[PDB]
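Here's the structure, in structure tokens; my notes come after.
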Amino acid sequence: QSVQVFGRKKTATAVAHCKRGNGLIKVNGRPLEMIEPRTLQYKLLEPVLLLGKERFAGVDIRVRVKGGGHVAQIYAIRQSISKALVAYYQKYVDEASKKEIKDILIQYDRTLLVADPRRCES
Amino acid sequence: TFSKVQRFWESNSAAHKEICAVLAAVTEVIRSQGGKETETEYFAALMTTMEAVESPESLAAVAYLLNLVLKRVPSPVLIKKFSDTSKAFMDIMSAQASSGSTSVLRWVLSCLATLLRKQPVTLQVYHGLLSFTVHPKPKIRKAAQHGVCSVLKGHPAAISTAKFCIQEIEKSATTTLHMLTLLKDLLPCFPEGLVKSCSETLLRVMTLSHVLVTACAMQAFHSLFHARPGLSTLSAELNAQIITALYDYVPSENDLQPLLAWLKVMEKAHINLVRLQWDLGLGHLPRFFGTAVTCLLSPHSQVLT
RNA sequence: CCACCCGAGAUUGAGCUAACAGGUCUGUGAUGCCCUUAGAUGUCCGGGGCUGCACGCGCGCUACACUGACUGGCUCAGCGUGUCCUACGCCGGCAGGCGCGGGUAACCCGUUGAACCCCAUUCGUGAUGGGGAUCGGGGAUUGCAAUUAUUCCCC
């Protein structure tokens, strides 16, 4: 009845746990508006602002984030939230909603589903 | 017959390797106290030294000698004066917990474990032994864990420790590894309802994604399914519930640390389903075979093998 | 590779310290010369110097500020280490002292509680509160010894 995904950027890894909810999006016990780089706030509302709160009506998602910096953590957060929604709609919702959401997200930006293979090199 | 406390009191590598020392001969001939093995007159006579004296390297030495001598089964005498041993040892426990020494506490916990293995107040002594697993000292904690394992595997006391371990899971982040070691070493000797409760709580800590606690608690899965538990310890329907509940994580596709032991634990679990009820095991097998066929697409050869 | 049937024979006899450049290194000569109270650096002791500074040729650090300086709050790493790495409490303006524990180490330091960065305050285009050299005083550790400032702290 729940799904568990991960999303990485450089070193930062954000793990997202998604379940039947009431429309709350939570990270590290803090609301998504309550993350300290408010300059980069619209990047982390991109799934919500792109997709609306109507399809986030009955979804409870929690994200716990390890490592990295600040920007890499934010990208890991948005990637993990998006993969959590995609896997939840894979396992518990139909497939047409899956391909519709994936088409919207890919036509917006590529990094929000697939991770950047580049990392810090020796 | 004394001065063995002064023999173990000296700590030099030239004298540890001697045959007369505490390495070999104390384990053999010192147990025969007065020609007959064994007498706790040494134990009852060292009350005057183990009370109101906190001198190091003498309390630890007599604790070491008591731990080494106590194993040679004075069982009816132990059943008789278990009350005296428990009271003396709990006041020693409280004094050492207020003081903060390691060796004396470690060996009195070891000989307490020997005492409890050989044998209402016994439940109090069991919680006294059990309370020092979350103790931060690696030498106290390992001794307490090994002692609890020796007591349980050598049971009416499984209920208290199962409820306890669930409880300090629920309050608690570095003691999580220690109580997961407790589960890894104590899961087979639990009753079915407590197995269900520990499994549910263990999935509740599977909700977090710290790699160490997840890996060691799924190693506790490996430990519970590896021992081939009986019907009263693990039922078929509970095993079916925890095998259909464990399908919800599948780390990713290519993590290679939890994936191999993951296929190992569903291997052991499906073996247990087949051993308990073969038709139900064959019924739950196809999802496992489908997921296995799916995870042969991993880029790592170790996952494939 | 082993064993066996058949077969006379499933292996019975002859010939082949020497060579190396493959590596590499301190023994033989009654060896040639030059030295030997002109010790192929004679041992030890005390104190200095190696830093000395007009100047050239070059690696670097800090800067010349407003994309900034100060003050407060916020929140994120990894490669590595340790019987000297330090956890906790007390005395401390601060360098630091005192009593105590763990760690010969995926355990304790350490969820390594990092800095840039972010959000608020003051400054307001000038040798400025930017920049910190050079000096004057005190204090504390390291070490037999800090005078030619070892280092760190405070005006």
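Ligands are numbered from 1 in the order shown, chains are lettered A, B, ... in the order of the structure tokens, and residues start at 1 in each chain.
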_Should the cut-off be 9 Å, what would the residue list for chain B against chain A look like, counting only C-alpha atoms, as a PyMOL selection string?_
chain B and resi 207-209+248-252
Neighbours of residue 81 (chain B) within 12 Å (only C-alpha atoms (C1' of nucleotides); same-chain residues fewer than 6 positions away dropped), as a list in words?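 Returned residues: residues 40, 41, 43, 44, 74, 75, 87, 88, 115 and 119 of chain B.
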**Item:** Check: which chain C residues lie within 9 Å of chain A using only C-alpha atoms (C1' of nucleotides), as a ChimeraX atom specification
**Value:** /C:74-78,117-119
*asked:* as a PyMOL selection string, please: every residue in region 12-53 of chain B that a backbone DSSP assignment puts in alpha helix (DSSP H).
replied: chain B and resi 13-16+41-45+47-50
Just to be explicit: take each residue in the selection above, keep N, CA, C and O atoms, and write the result as an mmCIF file, in the first residue's frame.
```
data_model
loop_
_atom_site.group_PDB
_atom_site.id
_atom_site.type_symbol
_atom_site.label_atom_id
_atom_site.label_comp_id
_atom_site.auth_asym_id
_atom_site.auth_seq_id
_atom_site.Cartn_x
_atom_site.Cartn_y
_atom_site.Cartn_z
ATOM 1 N N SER B 13 52.508 -10.510 30.404
ATOM 2 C CA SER B 13 52.342 -11.565 29.405
ATOM 3 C C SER B 13 53.267 -12.749 29.664
ATOM 4 O O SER B 13 53.043 -13.845 29.136
ATOM 5 N N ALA B 14 54.318 -12.547 30.462
ATOM 6 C CA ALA B 14 55.192 -13.658 30.825
ATOM 7 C C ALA B 14 54.477 -14.650 31.735
ATOM 8 O O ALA B 14 54.731 -15.859 31.667
ATOM 9 N N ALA B 15 53.582 -14.162 32.591
ATOM 10 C CA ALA B 15 52.911 -15.008 33.568
ATOM 11 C C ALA B 15 51.524 -15.467 33.132
ATOM 12 O O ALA B 15 50.942 -16.326 33.801
ATOM 13 N N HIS B 16 50.974 -14.927 32.042
ATOM 14 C CA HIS B 16 49.689 -15.426 31.555
ATOM 15 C C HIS B 16 49.844 -16.768 30.850
ATOM 16 O O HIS B 16 48.942 -17.612 30.900
ATOM 17 N N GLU B 41 31.892 -21.473 49.193
ATOM 18 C CA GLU B 41 32.392 -20.900 50.439
ATOM 19 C C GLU B 41 33.378 -19.774 50.159
ATOM 20 O O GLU B 41 33.472 -18.813 50.929
ATOM 21 N N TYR B 42 34.120 -19.877 49.053
ATOM 22 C CA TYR B 42 34.935 -18.770 48.564
ATOM 23 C C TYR B 42 34.066 -17.564 48.226
ATOM 24 O O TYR B 42 34.377 -16.425 48.596
ATOM 25 N N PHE B 43 32.950 -17.818 47.540
ATOM 26 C CA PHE B 43 32.000 -16.784 47.150
ATOM 27 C C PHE B 43 31.394 -16.115 48.378
ATOM 28 O O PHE B 43 31.367 -14.884 48.468
ATOM 29 N N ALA B 44 30.932 -16.915 49.338
ATOM 30 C CA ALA B 44 30.288 -16.389 50.536
ATOM 31 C C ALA B 44 31.297 -15.755 51.486
ATOM 32 O O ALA B 44 30.930 -14.937 52.334
ATOM 33 N N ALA B 45 32.570 -16.129 51.356
ATOM 34 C CA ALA B 45 33.637 -15.584 52.188
ATOM 35 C C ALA B 45 34.165 -14.267 51.632
ATOM 36 O O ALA B 45 34.690 -13.437 52.381
ATOM 37 N N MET B 47 32.322 -11.923 50.548
ATOM 38 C CA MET B 47 31.379 -10.846 50.844
ATOM 39 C C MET B 47 32.050 -9.672 51.546
ATOM 40 O O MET B 47 31.743 -8.511 51.255
ATOM 41 N N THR B 48 32.960 -9.955 52.483
ATOM 42 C CA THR B 48 33.590 -8.884 53.251
ATOM 43 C C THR B 48 34.535 -8.044 52.398
ATOM 44 O O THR B 48 34.867 -6.915 52.776
ATOM 45 N N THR B 49 34.976 -8.569 51.252
ATOM 46 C CA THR B 49 35.796 -7.773 50.346
ATOM 47 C C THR B 49 34.939 -7.112 49.271
ATOM 48 O O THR B 49 35.186 -5.961 48.891
ATOM 49 N N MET B 50 33.907 -7.806 48.790
ATOM 50 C CA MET B 50 33.067 -7.227 47.747
ATOM 51 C C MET B 50 31.989 -6.294 48.287
ATOM 52 O O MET B 50 31.207 -5.767 47.488
#
```
Residues near residue 104 (chain A), anyone? I mean within 12 Å using only C-alpha atoms (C1' of nucleotides), not counting same-chain ones fewer than 4 positions away, as a count of residues only. 15
Exercise for the section: Could you list, as a list in words, the residues of chain B having an atom within 12 Å of chain C when counting only C-alpha atoms (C1' of nucleotides)? Expected result: residues 99, 100, 101, 102, 136, 137, 138, 139, 141, 142, 173, 174, 175, 177, 178, 210, 211 and 212 of chain B
Query - 12 Å contact set for residue 294 (chain B), only C-alpha atoms (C1' of nucleotides), chain neighbours under 6 positions out, as a list in words - result: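 Once the adjacent positions are removed, what remains is residues 250, 252, 253, 254, 263, 287, 288, 303 and 304 of chain B.
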Can you tell me, as a PyMOL selection string, which residues in chain A count as strand (DSSP E or B) by DSSP? chain A and resi 2-9+12-20+24-27+30-31+59-66
Long-range neighbours of residue 94 (chain C) as a PyMOL selection string, 10 Å cut-off, only C-alpha atoms (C1' of nucleotides), 5 positions minimum in chain
chain C and resi 139+153-154
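For the set B:220, B:90, B:240, B:30, the residue with the smallest atom-to-atom gap to residue 283 (chain B) is B:240, counting only C-alpha atoms.
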Inset, instruction - Write out as number ranges by chain each polymer residue whose atoms come within 9 Å of residue 32 (chain A), counting only C-alpha atoms (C1' of nucleotides); drop sequence neighbours fewer than 5 positions from it. - result: A: 25-27, 41, 44-45
Produce a file of the selected residues containing N, CA and C atoms, as a compact mmCIF listing (two decimals), in the first residue's frame.
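The result, stored in out_13.txt:
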```
# COMPACT_ATOMS: atom_id res chain seq x y z
N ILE A 25 2.66 17.18 1.89
CA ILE A 25 3.96 16.92 1.29
C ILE A 25 4.99 17.37 2.33
N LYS A 26 5.77 16.43 2.84
CA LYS A 26 6.60 16.65 4.02
C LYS A 26 8.03 16.21 3.72
N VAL A 27 9.01 17.00 4.16
CA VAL A 27 10.42 16.63 4.05
C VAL A 27 11.11 16.95 5.37
N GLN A 41 13.12 28.22 -4.36
CA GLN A 41 11.91 27.56 -3.89
C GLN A 41 11.06 27.04 -5.04
N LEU A 44 11.58 23.46 -6.30
CA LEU A 44 11.11 22.33 -5.51
C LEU A 44 9.59 22.25 -5.44
N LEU A 45 8.88 23.28 -5.92
CA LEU A 45 7.44 23.17 -6.16
C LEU A 45 7.12 22.82 -7.60
```
Between B:218, B:109, B:152, B:227, smallest distance to residue 89 (chain B) by only C-alpha atoms belongs to B:109
Residues at most 12 Å from residue 132 (chain C), counting only C-alpha atoms (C1' of nucleotides), excluding those fewer than 3 positions away in the same chain, as a PDB file with C-alpha atoms (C1' of nucleotides), in the first residue's frame?
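Everything below was put into part09.pdb:
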```pdb
ATOM      1  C1'   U C  62      46.052  38.476   1.484  1.00  0.00           C
ATOM      2  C1'   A C  63      43.812  42.452  -0.896  1.00  0.00           C
ATOM      3  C1'   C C  64      42.242  46.873  -3.617  1.00  0.00           C
TER       4        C C  64
END
```
Between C1' of residue 140 (chain C) and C1' of residue 90 (chain C), what is the spacing in Å?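 Between these atoms lies a distance of 19.2 Å.
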